[PDB]
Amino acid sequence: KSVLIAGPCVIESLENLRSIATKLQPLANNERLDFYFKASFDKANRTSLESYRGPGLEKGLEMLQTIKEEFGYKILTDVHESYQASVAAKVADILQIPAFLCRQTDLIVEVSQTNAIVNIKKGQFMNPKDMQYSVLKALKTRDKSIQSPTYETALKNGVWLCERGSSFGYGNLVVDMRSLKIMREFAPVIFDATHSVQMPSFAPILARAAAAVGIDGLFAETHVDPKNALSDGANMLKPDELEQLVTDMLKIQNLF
């Protein structure tokens, strides 16, 4: 099944998490999807000291665990520091390595020592071919015999790569669709349709393009009321918009 990772950018409140979890129930039950509910417990890189951070590790994981129990959802969250991985893996089925930390050896190893699927975001600064080395760090942590990263070995060992765009001058990200093909030599590839759009509405067009190229899954942030969101309101889809997008992805994938 194609992977769908969806949810709000940040944990805002348990009430908010519940509302979005509720509106994702139709997609979560879609037989053609392997679904994971996403929410960050920490936004580590915001513009100001006053910017909303999220609830942090302990309280965030507690809230994600509540969603897992109440909705039966598998969970994705991102980690930022040493010693978060093992604690987060008790709740999270996928642990995500942030794009800025995508080469960070200790974090990749620490996450790979857990039982979680590892989703490695490609840095905006990276050549897709060089992501093989991050995949290999993870794979060697799980099986020291592995010498070279391949899709099949990565799929078996739960290590994925995630496309989220590349720096294109200042304040602009471009999605090099060739990267989806290049990276898929080394690991299953997820396309992040939310964070990849920056320009100095394009989420569906890029996700359709990505589906046509060949991807193993979609990452897209969604919120019931984006204009009242505490992070990424301008770029999140409403649940009905996401359903439409997923419908199109599936139709495209059904051709090939």
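When you see a residue number, it is the position in the sequence shown, counting from 1.
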{"property": "Unresolved deposited residues in the interval that joins residue 56 and residue 57", "result": "none"}
{"property": "Greater mean Cα temperature factor according to the PDB record, 20 to 28 or 239 to 247", "result": "239 to 247"}
{"property": "184 to 192 versus 46 to 54 - which carries the larger mean C-alpha B factor in the record", "result": "46 to 54"}
{"property": "Top Cα B factor in the deposited entry, candidates 124, 82, 96, 179", "result": "82"}
{"property": "Residue with highest C-alpha B-factor in the PDB entry, from 76, 174, 87, 154", "result": "87"}
{"property": "Relative C-alpha B-factor of residue 130, binned into the chain's lowest, middle or highest third", "result": "middle"}
{"property": "For residue 213, the third of its chain into which the C-alpha B factor falls", "result": "lowest"}
{"property": "Cα B factor band for residue 222 (lowest, middle or highest third within the chain)", "result": "middle"}
{"property": "Modelled-residue ranking by C-alpha temperature factor, third containing residue 110", "result": "middle"}
{"property": "Residue 150 - which third its CA temperature factor falls in, relative to the rest of the chain", "result": "middle"}
